[PDB]
Amino acid sequence: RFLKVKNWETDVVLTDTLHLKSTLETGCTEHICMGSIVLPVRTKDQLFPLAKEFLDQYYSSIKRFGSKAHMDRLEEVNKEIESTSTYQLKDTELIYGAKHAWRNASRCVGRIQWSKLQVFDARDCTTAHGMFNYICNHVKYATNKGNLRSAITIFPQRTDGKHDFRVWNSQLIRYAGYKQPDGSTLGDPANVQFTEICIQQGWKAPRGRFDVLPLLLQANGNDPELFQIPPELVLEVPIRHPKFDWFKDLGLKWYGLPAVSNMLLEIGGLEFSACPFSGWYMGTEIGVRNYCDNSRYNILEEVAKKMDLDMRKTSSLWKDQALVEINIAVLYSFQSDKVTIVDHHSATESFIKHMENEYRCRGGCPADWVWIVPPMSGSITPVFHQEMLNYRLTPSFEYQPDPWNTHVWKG
Amino acid sequence: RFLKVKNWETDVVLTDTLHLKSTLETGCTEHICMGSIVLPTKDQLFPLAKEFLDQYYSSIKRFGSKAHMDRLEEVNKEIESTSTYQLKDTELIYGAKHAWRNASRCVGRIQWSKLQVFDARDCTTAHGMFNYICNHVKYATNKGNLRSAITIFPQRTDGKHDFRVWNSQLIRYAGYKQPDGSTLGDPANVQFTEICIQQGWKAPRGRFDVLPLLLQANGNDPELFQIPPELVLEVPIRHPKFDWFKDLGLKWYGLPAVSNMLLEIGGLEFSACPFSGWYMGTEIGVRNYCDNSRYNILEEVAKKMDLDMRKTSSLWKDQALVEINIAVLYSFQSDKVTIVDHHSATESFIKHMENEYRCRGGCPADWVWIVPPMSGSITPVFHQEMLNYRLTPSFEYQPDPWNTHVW
Ligand code: HEM
Ligand code: HEM
Ligand SMILES: N=C(NCCC[C@H](N)C(=O)N[C@@H](CCN)C(N)=O)N[N+](=O)[O-]
Ligand SMILES: N=C(NCCC[C@H](N)C(=O)N[C@@H](CCN)C(N)=O)N[N+](=O)[O-]
Ligand SMILES: C[C@H](O)[C@H](O)[C@H]1CNc2nc(N)[nH]c(=O)c2N1
Ligand SMILES: C[C@H](O)[C@H](O)[C@H]1CNc2nc(N)[nH]c(=O)c2N1
Ligand SMILES: OC[C@@H](O)[C@@H](O)[C@H](O)[C@H](O)CO
Ligand SMILES: OC[C@@H](O)[C@@H](O)[C@H](O)[C@H](O)CO
Ligand SMILES: [Zn+2]
């Protein structure tokens, strides 16, 4: 089959054939679309075909499909599965697998960078202290004093499901959130529950508005352990505005390294439950969502007051005006401190070029419009005008339940 | 079976059962989502009519009544005999209001029950169509205090006698390709404009020429008519702080009136059913004025504001965008012409959604279209999960007539 997508601004039409390789379900049906829904131990039986599909993809990528090396590897893996019920990936396969999970992430607008991922193999890790050391090294490497480099650290794969490795933090670096008895929230509201867990586990909370959370690490299914990331490895940027000198006095700042640490990486049927990865920020993530969501730092009112905007009626678009200035401040601050960041115009323009290239060399590029289009100025970015097809390819990054809802405590 | 939608800002979860009544397809499958794609017999008729009538009689608390059963048999007899049937005025009004109620891409549905329905099923000629349209425009415009309305022309018979309004909206500006290779006017209307000239219209070749109506009756060739100039309310655009804005010489019409969709009620198809409400600010300021394929005025405005257009990161496009939109809202409000900003419109849709889940068990909604084209996440709909599905009565897309008409 062939499916076409059209760009309504340029009339350019692209043809997709890659969707035929899609196996996983989307959540939609011929009668209902769930395109805006955020969240719509295997057996030997189901494992070898997953392994085979992957190795076939890998060997084709290196132009050795059907070779003796390819056939020997399939045989080697088949024998390993029947013998041990699982199998180990070669270093080359792990790297190829991690890169493709990113290439296949339909919600990621930064995929033009997919082939440049630095992969850290942490499959020899056995304890939480070992995980801490690997993570510190990841943060230092990725941060690179402001010249950010994309990277992923991969811990041991799932075995029987009772020995999982997990990073309990949602991101390696985040700010604590504290619920006050008067019902107000200090810090980042998004992390109140995790913050409470850390405190219960023994963390001594400084109780400020921007406290870097400690790492809570679980190795081999054991109870998680607390570790503080060396302060000198956590790069932060004070936010100020190029024309408004009062902006700095809002006391805002943000960390430079965005590092998702709670997703699961699937490669050839194998499940990597601890696979923290990082790239660099697109400005709106901080300026629009982290600072302006009503449920996050919610700074729109304070900023609009300072700009002395007419806040008597929404039709003056005071919220829209303040939003633009806040985002100008974020980009200006990061750039001033020489910390990598990309604005939404540059990022979306690059994604469109990446998408077109993928359709041509790969036959498609699964993309989730709802997530790709920036949270501000949507229609003045090219992606708003681009029809997209969303489907799931493996290797892939998947959501998994927070560990505190499933962990069997040992005491 | 029972689906749930969550609002990530408030945590409120709603349960949807209404989708179970969905009949038409979405274009998606379990393997691929096409959520961002813009355009994804007597034996057939009676089933559709029954489905509709059952919902109508249920709405009037007379389901399973004798009147319900009588009407059901009356229509059945009529279909078998005439291969079609005629809706009672009450059914037509209910159907039209529900087609709006079911429009998943419309953010202004909290207004659905207040639609004024003009029954033009007795219309027979193109001149008759012109008169009905002039009356709709005058009524809906109401000197600036707009009122929602729909005018319904004769239903499809055999497909060779279809009534059609060739225009995409009752009121739009012409588009002309110039020697410069550039485009004068609205680029979106270049093809239709040429069809009008090809038909006789004397184009004024200006930037904002109100197009004439091309009306088709009983399947005959379409005819041109000029909407009385005095019935077309326009608003000159100026900014409340930038005196130079008025120098851009921009203006827009006050009445948005989609005229090319097909209204389906109880299996019957009404190919000419122009309807109108009022504008959401972003429609004009973001899309019409800033789309690169439309008036594309961002650069001009940025220049007048003296913004640094060297680097995209200065967010000059974003700053100019907000100003253009502040000007549109200010101009309409200053002239007492109805208009709603995206914050107010989206807040009302969320309230409408809650009402609908509580009293109907759901509300089909297309997130891709409901979320405004600017400041997405500072509006509540961005944080609202939605389920998109098709219910009838409905408003459907249909091929432009010039690509199907046999002259
Ligand atoms: C190099 C710079 C990168 C940029 C500019 C970028 C940008 C983005 C942005 C803007 C989002 C949306 C975030 C949100 O709204 O929560 C995102 C999502 C995502 N990115 Fe990227 N990304 C980059 C690197 C990476 C890397 C290194 C990986 C993996 C190896 C990756 C995997 C993903 C995934 C899986 C999602 C969706 C997560 C979810 O569903 O919550 N990205 N990216
Ligand atoms: C009363 C005020 C109304 C408001 C504020 C409103 C607003 C909107 C907006 C902003 C859109 C998107 C337009 C676009 O991006 O092209 C829209 C779409 C739509 N509206 Fe409403 N609307 C109103 C009344 C109506 C009425 C009276 C009807 C029908 C009787 C209606 C039927 C629809 C339909 C079918 C669509 C989607 C059209 C498409 O798919 O292209 N609307 N509306
Ligand atoms: N730019 C990035 N942004 C990551 C954004 C993560 C986002 N702040 C977040 O909280 N994501 C949720 C997922 C929400 N669906 C999580 N990680 O638990 N990633 N990067 O590698 O460069
Ligand atoms: N506010 C309204 N806006 C509708 C605007 C229609 C839009 N400008 C338009 O051109 N739609 C195309 C379809 C868009 N894919 C058409 N009807 O030919 N509607 N109203 O009744 O109040
Ligand atoms: C309900 C809706 O799906 C939700 O708010 C989505 C919309 N688009 C998004 N897009 C990005 N990049 N990130 C998000 O968290 C979201 N949230
Ligand atoms: C390609 C994409 O579907 C297209 O640009 C859509 C997105 N959302 C939209 N939303 C509204 N209200 N109106 C539109 O014309 C569009 N265009
Ligand atoms: O406070 C805990 C939250 O950070 C956590 O529940 C996240 O919402 C979850 O990881 C999904 O992002
Ligand atoms: O110039 C003709 C166009 O306006 C017309 O073909 C529209 O694109 C069509 O009605 C869909 O909006
Ligand atoms: Zn879908």
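Lettering of chains follows the sequences in order, A, B, ..., and the numbering in each one begins at 1. When reading the values below, keep in mind they use all heavy atoms of this one structure, side chains included, and skip hydrogens, waters and symmetry mates.
A donor-acceptor pair under 3.5 Å is formed between the side chain of A/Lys99 and the backbone N or O of A/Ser115. Using a distance-only test at 3.5 Å, with no hydrogens or angles considered, a donor-acceptor pair links the side chain of B/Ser259 to the main chain of B/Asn167. In this structure a side-chain-to-backbone donor-acceptor pair under 3.5 Å is missing from A/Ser36 to B/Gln384. A donor-acceptor pair is defined here as one N or O able to donate and one able to accept, closer than 3.5 Å; such a pair exists between the side chain of B/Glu385 and the backbone of A/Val38. For the pair A/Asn290 (side chain) and A/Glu285 (backbone), a donor-acceptor distance under 3.5 Å is present. At distances below 3.5 Å, not a single donor-acceptor pair connects side-chain atoms of A/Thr17 with backbone N or O atoms of A/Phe2. Although no hydrogens or angles enter the test, the distance criterion places a donor-acceptor pair under 3.5 Å between the side chain of A/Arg111 and the main chain of A/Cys108. Although no hydrogens or angles enter the test, the distance criterion places a donor-acceptor pair under 3.5 Å between the side chain of B/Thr193 and the main chain of B/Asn189. Looking only at distances, no side-chain donor or acceptor of B/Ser22 sits under 3.5 Å from a matching main-chain atom of B/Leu391. With hydrogens and angles disregarded, a donor-acceptor distance shorter than 3.5 Å links the side chain of A/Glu9 to the backbone of B/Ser293.
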- Where do B/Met34 and A/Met388 land on the side-chain contact (heavy atoms from CB on, under 4.5 Å) test, with the steps shown first? CA-CA 7 Å; B/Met34 298 196 130; A/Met388 297 173 193; over 6 Å; no

- Message: Apply side-chain contact (heavy atoms from CB on, under 4.5 Å) to residues B/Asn325 and B/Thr282 and explain how you reach the verdict.
- Response: CA-CA 7 Å; B/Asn325 279 277; B/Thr282 55; 4.2 Å; yes

- Item | Verdict with supporting geometry, A/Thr26 and B/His31, side-chain hydrogen bond (donor to acceptor under 3.5 Å, both in side chains) | CA-CA 6 Å; A/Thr26 60; B/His31 295 294; over 6 Å; no

- Item | Working for side-chain contact (heavy atoms from CB on, under 4.5 Å), residues A/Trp280 and A/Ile341 | CA-CA 6 Å; A/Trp280 54 81; A/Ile341 190 164; over 6 Å; no

- Test side-chain contact (heavy atoms from CB on, under 4.5 Å) applied to B/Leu321 and B/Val286, step by step: CA-CA 7 Å; B/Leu321 181 64; B/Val286 178; 4.1 Å; yes

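Using a 4.5 Å cut-off on side-chain heavy atoms (C-beta onward), B/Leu214 and B/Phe192 make contact. At a threshold of 4.5 Å between non-hydrogen side-chain atoms, the residues B/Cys33 and A/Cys33 count as touching. A/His344 has its side chain within reach of B/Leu315: a pair of non-hydrogen atoms, C-beta onward, lies under 4.5 Å apart. Considering only heavy atoms from C-beta on, A/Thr15 stays 4.5 Å or farther from A/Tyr359 through its side chain. Residues B/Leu39 and B/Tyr397 meet the side-chain proximity criterion, which asks for heavy atoms closer than 4.5 Å. Contact of the B/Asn292 side chain with the A/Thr10 side chain is not registered, since no non-hydrogen atoms from C-beta on lie closer than 4.5 Å. Side-chain contact check for A/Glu30 versus B/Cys28: every heavy-atom pair is 4.5 Å or farther apart. Between A/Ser379 and B/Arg287 there is a side-chain heavy-atom pair separated by less than 4.5 Å.
Ion pair A/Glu358/A/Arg103 flagged as a salt bridge, since at least one NZ, NE, NH1 or NH2 atom sits closer than 4.0 Å to an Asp/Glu carboxylate oxygen. A salt bridge between B/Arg390 and B/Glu396 is present, with a side-chain N of the basic residue lying under 4.0 Å from a carboxylate O of the acidic one.
Residues A/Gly97 and A/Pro395 come closest through the heavy atom pair O-CB, 3.4 Å. Across every non-hydrogen atom of B/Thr346 and B/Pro372, the tightest pair is CG2-CG, 3.5 Å. Scanning both residues, A/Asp16 and A/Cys365, for their nearest heavy atoms gives OD2-N, 3.9 Å. Looking at every heavy atom in both residues, B/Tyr173 comes nearest to B/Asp186 through O-CB, 3.7 Å. Taking both residues in full, the closest heavy atoms of B/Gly35 and B/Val368 are given as O-CG2, 3.6 Å, listed atom of the first, atom of the second, then distance. In terms of heavy atoms, A/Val383 sits closest to A/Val373 at CG2-CA, 4.0 Å.
The number of heavy-atom neighbours closer than 6.0 Å to NZ of B/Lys351, taken from other residues, nucleotides and ligands shown, is 12 or below. Within a 6.0 Å sphere centred on CD of A/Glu25, other residues, nucleotides and ligands contribute 12 heavy atoms or fewer. The number of heavy-atom neighbours closer than 6.0 Å to CD of A/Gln113, taken from other residues, nucleotides and ligands shown, is above 12. Annotation: B/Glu299, atom CD; neighbour count of heavy atoms from other residues, nucleotides and ligands within 6.0 Å does not exceed 12.
Taking CZ from A/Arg107 and CG from A/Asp368, the interatomic distance works out to 5.0 Å, rounded to the nearest 0.5 Å. B/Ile378 contributes atom CD1, which lies 8.0 Å from atom CE of A/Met376 (distance to the nearest 0.5 angstrom). Between the OG atom in B/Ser314 and the CD atom in B/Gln319 there is a gap of 7.5 Å [rounded to 0.5 Å]. Rounded to the nearest 0.5 Å, atoms CH2 (B/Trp166) and CZ (B/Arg164) are 9.0 Å apart. For the atom pair CD1 (A/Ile267) and OH (A/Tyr96), the distance works out to 10.5 Å, reported to the nearest 0.5 Å. For the atom pair A/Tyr281 OH and A/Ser278 OG, the distance stands at 11.0 Å (nearest 0.5 Å).
Ring to ring, A/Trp369 and A/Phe384 are close: their centroids are under 6.0 angstrom apart. Aromatic pair B/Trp252/B/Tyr295: ring centres closer than 6.0 Å.
Looking only at atom types and distance, the side chain of A/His345 has a donor-acceptor partner in the side chain of B/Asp318 under 3.5 Å away. At a cut-off of 3.5 Å, with distance as the only test, a side-chain donor of B/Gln169 or B/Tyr253 sits close to an acceptor on the other residue. Between B/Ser394 and B/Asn102, the side chains place no donor N or O within less than 3.5 Å of an acceptor N or O (distance only, hydrogens not considered).
Relative orientation of the A/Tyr58 and A/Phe54 rings is parallel, given thresholds of 30° and 60° on the angle between their planes.
Qualifying side-chain hydrogen bond (donor to acceptor under 3.5 Å, both in side chains) partners for A/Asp343, counting only residues two or more places apart in sequence or in other chains: B/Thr312. Residues satisfying the side-chain hydrogen bond (donor to acceptor under 3.5 Å, both in side chains) test with A/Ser350, not counting sequence neighbours, are none.
Annotation: cation-pi geometry not satisfied between A/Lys116 and A/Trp114 (NZ/CZ under 6.0 angstrom from ring centroid, within 45° of ring axis).
Each of B/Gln198, B/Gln191, B/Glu194 was scored for a side chain to side chain contact (heavy atoms under 4.5 Å, CB included) with B/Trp402, with one residue passing: B/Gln191. Among the candidates B/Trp100, B/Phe395, B/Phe270, the single residue satisfying the ring-ring contact (aromatic ring centres under 6.0 Å, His included) test with B/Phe275 is B/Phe395. For the side chain to side chain contact (heavy atoms under 4.5 Å, CB included) criterion with B/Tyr389, the lone passing option out of B/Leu18, B/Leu20, B/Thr23 is B/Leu18.
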